[PDB]
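In the authors' numbering, the protein residues as written are 1 to 867.
Below: one structure, written as structure tokens.
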DNA sequence: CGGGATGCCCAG
DNA sequence: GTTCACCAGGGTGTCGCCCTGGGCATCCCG
RNA sequence: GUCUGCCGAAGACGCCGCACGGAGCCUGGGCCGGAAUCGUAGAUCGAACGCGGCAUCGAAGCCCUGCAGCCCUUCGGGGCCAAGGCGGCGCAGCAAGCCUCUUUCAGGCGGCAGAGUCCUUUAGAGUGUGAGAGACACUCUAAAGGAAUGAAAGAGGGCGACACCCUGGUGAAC
């Protein structure tokens, strides 16, 4: 019988491959029919729709051909050609929210109003005495716009003066220059990337160091006599040759562009903007990162993923259906085996079927282009932005006669009266005569400007009261400022609906930069010299958890945290998916269009509710945490230790509630605005990044809880899960004041808990905690409270505690360390550090003949128990 | 003569 | 019930740089 | 403008009043069907598979599309030509949008008479200044037309890049 099975198996594979060839030539016949049918003159239904059927049948051709050539024992019985391709969500499971006006926060009216400004004394440091270009400073912008009141009759002259500094419609000059100089845009991008790169040949290197020496620098005289392979591997010489190649190449291309500038464009601000963009480009193509291999050799890896020339992103071109029709039928004319070969004309060397699929996508993109958005405009109307990067350009003067709200945005033009030097004064408090930048008459300058009044509303008044304390001579130096530049935006007038032109300005205040610092904040082998350490645990559902730590008492002091909107994001995503499905299934189907419009409005409702989700609440709580830290802990006495998470870690469906790098960015900006020093590497003193491996999963009671022993104990005891697997077995909500345990559904991704749910098709509280809860069974007692089978704590609290206690271990061990040594040092040190704050925990309550049957949360406050 | 404009230069 | 490979439409987060001016030479026209 | 006296329903919410196409190329939409194929002899039993044929509801995308309607416009018209469906009966704070970017919360928005306040324009009149031009400064008085946001956070602009997620049109691996 066995020899019969072997010969019959060869018959099976040969017969099924014969079926594959018969179906293949069936596709080929169908493709010939439709390609000769698309040929039929005047056809515009075989266009697009059965052009899509053409790429479908050719994709099936390529897939059948590949599945037959790659696999010699091709025996297809997987039951997918008999599969109906069902969609498992229901047709109508609509579940909106019923919560409505159950309190509604108030708005305690406050009367913020900017008081007048005195002249600052000689407390200014020496490096920021002039406050010109690059002379210290912080240059912190202004997060709200403020509306200036344009004159009702002279606003056209103001618009004419502001049209010089207009930022948009400058890309078209750069694209026109690329078209006129290198023919095509892609050829321009490739040739300009080739010219911007620096060679590894030491001849041009030595030429650029010789140019550096002849320009007045005497530091690189032994660099000319250095060995060629040594100067190639020299990082300092690499930076020098990069800066001089930047100067030469940016100068050459800048001219090439300013020679091709049309008349009317102001060449000064265009020169500055284009020079900054080309400096950005030549830095980003030639910046190389020290990537080491296993043998210690440094690989010259570029930080930027794929830099291209500025103002040269690939814009979508509206291709026509006729040329993609001709290219498709011409691809069909050649032999079908080479129809899926690499295209010699493609830049990426794509497949011919792939480039025709992309061309068909463009051909149906031209009818569905810049439309269909969920209406997010800036004011709706036609605007043009810009910036005024000078004091001769524009500034904020203060009216000395007004005791409050006397800020005026003075902007210089040919028309208008002369500015008053005795009534108007700069916003720092210094007079108009100190700077001579817009004063008329004396010191050889003559300037006349109109000071249009400022409309101070809640946003700008709140920002000016929070960020600027310019009315106090002896103010902290991080609150005093000077104003040089303004990122205005001009909203153009409309005559169709009869509106009024409005100008919004965003000032950019160069704040004075004090020398505030905490020592050894970014020292690798040194703990920061401060009394307090704050450990931020950035998580997925809880955004951050803070556990501040004082080394004098060696205990946690506070446990501030927020809740996050993960489950709300899940609900919005599910309702958005259902409404998108019902809208899209009702669009390809026709004779129903009011249904399309009402589900467009339902999509807009869910878009507004998703627009409610943002990082604003997270950065608001970060600001509140930093303010609380500076109030209670005191200035220059803390350091926000953060876990060094991956910069581009990938999550699942919770991308809109990730906000992980936003916490680090917000903390860096918040500690920058407090006055703390900002190093050139992008680090601010008081925000220290330290890496956390599985050592951030060790217990405060002294348990490492390694993944190997946790996996072994969970395999031996499925009903008793350890580490963070305990939280996945319990319901998120509560029944009888407490959360029950449940049984997982055996499907991997459809994880539905069974909380003794004998009710048919009952989801109940199918959502669980997941990895959010850490249960330590070895901690049967904690903070004056007893637990029979251990205490369940938040995993983010454990991570925050480990992060806050980590730099002590880092200083005790040294620079060279592995995670095992940090783990055992944490295992020994953990028990010794105590808790003097209310630490959120859970209790194993007796449910159903078992103390592990339920979870109940209490405060567990040492301030009520220990002290 | 002089108010205002336009454009270039300041480079471990 | 999954996973991957394309093409549309929509939405997010995140990342490399640079910027966040004054002096001054010449034009320039009423 | 704004505030008060007085008047009302947009747009939503329940009810029904109605909708231009197949030659040719995809699919339901109904049938019928065995073979090339498979349940590890035969595989003719069953499973189906890509399909073949018949008739047909008729639609996906086009030829037919009128500018029914919206956008652009040099104002003549052109583009998509479908949409927006539209169009009544009862319900009249209860949508969207706006009052500033990124958000949250509270609040306001729609006809005609009355009242004050501010700004802008202007007038008479008056005061001093004014090598004196009845010019200027500016006051008094009067008239014309314009004038809802609080509260809590934010480093925001560019330029070029990535990497997720959702829904359709598909194909392949399980």
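All C-beta atoms, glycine included, are put in the ideal place defined by N, C-alpha and C.
Between the segment 618-630 and the segment 668-679, do three or more beta carbon pairs fall short of 8 Å? With a cut-off of 8 Å, the segment 668-679 and the segment 618-630 count as touching, because enough Cβ pairs lie within range.
Report all residues from its chain with a CB closer than 6 Å to the CB of residue 544; omit the five preceding and five following residues, and keep chain order. Locating residue 544 in the first chain gives position 544, counting from the first residue. In its chain, beyond the 5 residues on either side, 536, 538, 663 have a beta carbon closer than 6 Å to the beta carbon of residue 544.
Could you check whether residue 753 and residue 768 sit closer than 8 Å to each other, using their CB atoms as the reference points? Taking the first residue of the first chain as position 1, residue 768 is located at position 768. Taking the first residue of the first chain as position 1, residue 753 is located at position 753. Using a Cβ distance threshold of 8 Å, residue 768 and residue 753 count as a contacting pair.
Identify which residue in 724, 719, 760 has its Cα closest to the Cα of residue 743. Numbered from its first residue, the first chain carries residue 743 at position 743. Answer by Cα proximity: 719.
Taking only runs that begin and end inside the segment 344-432, name each unbroken alpha helix (DSSP H) of 4 or more residues, in chain order. Correct list: 352-365.
Look up residue 550 in the DSSP assignment and give the residues it is bridged to. For the purposes of this step, residue 550 is taken as the residue at position 550 of the first chain. Answer is 532, 555.
Going by DSSP, name the residue or residues bridged to residue 298. Position 298 of the first chain holds residue 298. Paired residue(s): 292.
How about residue 486 and residue 618: do their beta carbons lie closer than 8 Å? Translated into the one-based positions of the first chain, residue 486 becomes position 486. Translated into the one-based positions of the first chain, residue 618 becomes position 618. In this structure, residue 618 does not lie closer than 8 Å to residue 486 by Cβ.
Euclidean distance between Cα positions of residue 551 and residue 518: Position 551 of the first chain, counted from the first residue, corresponds to residue 551. Position 518 of the first chain, counted from the first residue, corresponds to residue 518. Residue 551 and residue 518 have their C-alpha atoms some 15 Å from each other.
Cβ separation of residue 59 and residue 353, assumed to be a contact under 8 Å, to the nearest whole Å: By one-based count along the first chain, residue 59 stands at place 59. By one-based count along the first chain, residue 353 stands at place 353. Sure, about 7 Å apart at Cβ, within 8 Å.
Option nearest residue 471 by Cα separation, candidates 648, 115, 731: As a position in the first chain, residue 471 is number 471, starting the count at 1. Distances from the alpha-carbon of residue 471 to those of 648, 115, 731 put 115 closest.
Can residue 869 and residue 95 be called in contact, C-beta distance under 8 Å? This structure does not reach residue 869, given that the chain is present from 1 up to 867, and the question cannot be answered.
For a test of the three-state rule: what should DSSP assign to residue 562, helix, strand or coil? Against the first chain, residue 562 aligns to sequence position 562. Annotated three-state conformation of residue 562 is coil, per DSSP.
Out of curiosity, what's the CA-to-CA distance linking residue 758 and residue 790? As a working mapping, residue 758 is identified with position 758 in the first chain. As a working mapping, residue 790 is identified with position 790 in the first chain. Within the model, the alpha-carbon separation for residue 758 versus residue 790 is close to 30 Å.
Output yes or no for whether 8 Å exceeds the beta carbon distance between residue 809 and residue 826. The residue given as residue 809 occupies position 809 in the first chain. The residue given as residue 826 occupies position 826 in the first chain. Result yes, Cβ atoms of residue 809 and residue 826 sit closer than 8 Å.
In three-state DSSP terms, what is residue 832? Position 832 of the first chain, counting from 1, holds the residue named residue 832. It is helical.
Where does residue 772 land, buried or exposed, given buried means 16+ other C-beta within 10 angstroms? By 1-based counting over the first chain, the position of residue 772 is 772. Classification for residue 772: buried.
Quick check: the Cα distance between residue 637 and residue 531, rounded to an integer number of angstroms? Here residue 637 refers to the residue found at position 637 of the first chain. Here residue 531 refers to the residue found at position 531 of the first chain. Near 5 Å, if we compare the C-alpha coordinates of residue 531 and residue 637.
Using the C-alpha atoms, what's the distance from residue 75 back to residue 10? If you number the first chain from 1, residue 10 lands on position 10. If you number the first chain from 1, residue 75 lands on position 75. Approximately 10 Å between the Cα atoms of the pair.
Given that a residue counts as buried once 16 or more other Cβ atoms are within 10 Å of its Cβ, and exposed if not, what is residue 686? On the first chain, residue 686 is found 686 positions in, with the first residue counted as 1. That one is buried.
In three-state DSSP terms, what is residue 52? The count along the first chain starts at 1 and reaches residue 52 at position 52. Helix.
By how many angstroms is the C-alpha of residue 695 removed from the C-alpha of residue 820? Position 820 of the first chain, counted from the first residue, corresponds to residue 820. Position 695 of the first chain, counted from the first residue, corresponds to residue 695. Going from the Cα of residue 820 to the Cα of residue 695 covers about 8 Å.
Using the beta-carbon count (16 or more within 10 Å), is residue 204 buried or exposed? Taking the first residue of the first chain as position 1, residue 204 is located at position 204. Looking at its Cβ environment, which holds fewer than 16 other Cβ atoms inside 10 Å, residue 204 is exposed.
Measure the alpha-carbon distance for residue 721 versus residue 294 and round it to whole angstroms. Here residue 721 is taken as the residue at index 721 of the first chain, counted from 1. Here residue 294 is taken as the residue at index 294 of the first chain, counted from 1. Each residue's alpha carbon lies about 38 Å from the other.
Could you tell me if residue 566 is buried or exposed, where buried requires 16 or more neighbouring beta carbons within 10 angstroms of its beta carbon? Sequence index remark: in the first chain, residue 566 carries index 566 (1-based). By the beta-carbon neighbour count (other beta carbons within 10 angstroms, threshold 16), residue 566 is buried.
Quick check on the burial criterion: 16 or more other C-beta atoms within 10 angstroms. Buried or exposed for residue 521? Walking along the first chain from the start, residue 521 turns up at place 521. Residue 521 is classed as buried because its beta carbon has at least 16 other beta carbons within 10 Å across all chains shown.
Given this structure, state the Cα-to-Cα distance separating residue 453 from residue 627, to the nearest angstrom. Numbered from 1 along the first chain, position 453 holds the residue referred to as residue 453. Numbered from 1 along the first chain, position 627 holds the residue referred to as residue 627. If you take the alpha carbons of residue 453 and residue 627, they lie about 33 Å apart.
Based on Cα-Cα distance, which residue from 866, 704, 5, 859 lies nearest to residue 823? As a first step, residue 823 must be located in the first chain, where it is residue number 823. Of the listed residues, the one whose Cα sits closest to residue 823 is 704.
Rounded to a whole number of angstroms, what is the C-alpha to C-alpha distance between residue 271 and residue 174? The residue you call residue 271 lines up with position 271 of the first chain. The residue you call residue 174 lines up with position 174 of the first chain. Going from the Cα of residue 271 to the Cα of residue 174 covers about 12 Å.
Short check: CB of residue 253 to CB of residue 278, under 8 Å? Looking up residue 253 in the first chain gives position 253. Looking up residue 278 in the first chain gives position 278. Yes; because the gap between Cβ atoms is below 8 Å, this pair is in contact.
Between the C-alpha atoms of residue 436 and residue 443, what's the straight-line distance to the nearest angstrom? Numbered from its first residue, the first chain carries residue 436 at position 436. Numbered from its first residue, the first chain carries residue 443 at position 443. The alpha-carbon atoms of residue 436 and residue 443 are separated by roughly 7 Å.
Could you pull out every residue in the same chain whose Cβ sits closer than 7 Å to the Cβ of residue 676, ignoring the five residues on either side in sequence? The sequence position of residue 676 within the first chain is 676, counting from 1. Listed in chain order, the non-local C-beta contacts of residue 676 below 7 Å within the same chain comprise 516, 517, 684, 685, 686, local neighbours out to five positions each way being set aside.
Can you grab the Cα-Cα spacing for the pair residue 659 / residue 859, in whole Å? The residue given as residue 659 occupies position 659 in the first chain. The residue given as residue 859 occupies position 859 in the first chain. Each residue's Cα considered, the two are about 27 Å apart.
When the Cα atoms are used, what is the spatial distance from residue 750 to residue 728? Numbered from its first residue, the first chain carries residue 750 at position 750. Numbered from its first residue, the first chain carries residue 728 at position 728. Using only the alpha carbons, I get a separation of about 13 Å.
Label residue 134 either buried or exposed according to how many other C-beta atoms from any shown protein chain fall within 10 Å of its C-beta, with 16 as the threshold for buried. Numbered from its first residue, the first chain carries residue 134 at position 134. The residue is exposed, with fewer than 16 neighbouring Cβ atoms inside 10 Å.
I'd like the span of the beta strand (DSSP E) that includes residue 483, first residue to last. Working through the first chain from its first residue, we reach residue 483 at position 483. Unbroken beta strand (DSSP E) run through residue 483: 481-486.
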